[PDB]
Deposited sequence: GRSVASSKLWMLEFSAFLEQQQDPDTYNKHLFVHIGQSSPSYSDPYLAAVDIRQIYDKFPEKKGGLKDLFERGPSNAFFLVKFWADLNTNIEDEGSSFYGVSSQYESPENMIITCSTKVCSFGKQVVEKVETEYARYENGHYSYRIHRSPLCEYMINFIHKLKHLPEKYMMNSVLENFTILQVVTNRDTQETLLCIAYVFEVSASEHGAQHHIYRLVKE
């Protein structure tokens, strides 16, 4: 239970490209994937400038708490793709002790400024003495698809990382009715250089 507050745990997160080879054949490329460990602490003040400010922004969200809902994920994304049409998707899975109606908000930012927001509402399914929430094959917005295409058409990986220096994603999962922050995940990116593929580090966001 890494990316977990007291009320919600994200067990799975992945962004992928699915390509149809023929009517019965599909190829899936994972860009990034997450699937009692000790998570290192990062001072949240070090990342405030990289995320939206003002009311409802990262600082406001963190100050309202709870503090145990706040995480920073560093991805090394696998951009080694290939080439029937294709599908860019995001999937994620959550578990809660509580039966809630949850809202998942994803903001894509450049220089800390919101470029696009995707919003999804999810209802609970009972499973083995708890409740599960699944966002399955959510279509990646056109901005992200364009962003990825533009990244790959850069001559060198150092250029890719230079662009990514100012690209962030903020994920906020909320109880729709109470507006309690269940999970808040800040995402930062580099390109994976390793032949071993996509990698990640997960951190707890702390005040001081």
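Residues of the deposited sequence with no modelled C-alpha atom fall in the ranges 1, 37-43, 92-94.
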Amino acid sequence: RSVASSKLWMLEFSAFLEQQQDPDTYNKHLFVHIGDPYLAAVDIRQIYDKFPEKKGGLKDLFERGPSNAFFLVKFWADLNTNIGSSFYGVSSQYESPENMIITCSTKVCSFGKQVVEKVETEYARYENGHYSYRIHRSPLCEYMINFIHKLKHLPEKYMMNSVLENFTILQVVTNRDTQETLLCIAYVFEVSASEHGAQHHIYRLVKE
From here on, numbers count along this sequence of modelled residues.
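Per-stretch averaging of Cα B factors for 169-177 and 147-155 places 147-155 on top. Relative to its counterpart among 37-45 and 51-59, 37-45 has the higher mean temperature factor, C-alpha atoms as listed in the PDB entry. For the set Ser110, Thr81, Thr106, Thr103, the maximum C-alpha B-factor listed in the entry falls on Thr81.
Comparing C-alpha B-factors across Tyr94, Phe87, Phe71, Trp76 in the deposited entry, the largest value falls on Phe87.
In the PDB entry, a CA B factor belonging to the lowest third of its chain's modelled residues is recorded for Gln114. When the modelled residues of the chain are ordered by C-alpha B-factor, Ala198 sits in the highest third.
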